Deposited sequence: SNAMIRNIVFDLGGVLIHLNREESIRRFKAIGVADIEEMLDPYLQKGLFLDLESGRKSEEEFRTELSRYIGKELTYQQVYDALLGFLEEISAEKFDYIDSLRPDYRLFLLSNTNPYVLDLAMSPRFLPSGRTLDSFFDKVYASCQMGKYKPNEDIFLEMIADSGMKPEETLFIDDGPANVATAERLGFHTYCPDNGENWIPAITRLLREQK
């Protein structure tokens, strides 16, 4: 076979996202300039990249809006992003494990990770970590897509050959970097059922 390893993003690929809803929740707790804060420097980047801890980001965000925000408040607003956790795509990934090495490469924050590593993430009670040989999370690594450093740490740690790896990410810049490094890529839409198309890619010799 072509492909020995498959790497998935979380947001977009496995969890359908709804940014508007998170924008709504952030506004309701006083983060008024949220829409520009969340647009593609910034403390939301400090949050993904691990540069600020959760505690540090919230302290600064509180200072920024002139209002004290709790863990629970921000957690609740960030989780407005998560419109559907695809049970069927996790089931499909679970079927892939004996035949492939499976990895997650995700820009994400401690809040989503707290959710993902709980028994409330999926109806099955299965943790995110349980579907992959390894999880590569921006905030755990101090690095973030689309920089090459995060891809390179992943390669070194897993031993995956890029030309034997399929990278599934809805982020155009993330895909462009994986192409540059020699990965097979597929760029789904946020909310697309990509199971048939991926099942196809894996068939190839």
| item | value |
| --- | --- |
| Regions left out of the model, expressed as runs of the deposited sequence counted from 1 | 1-2, 43-45, 211 |
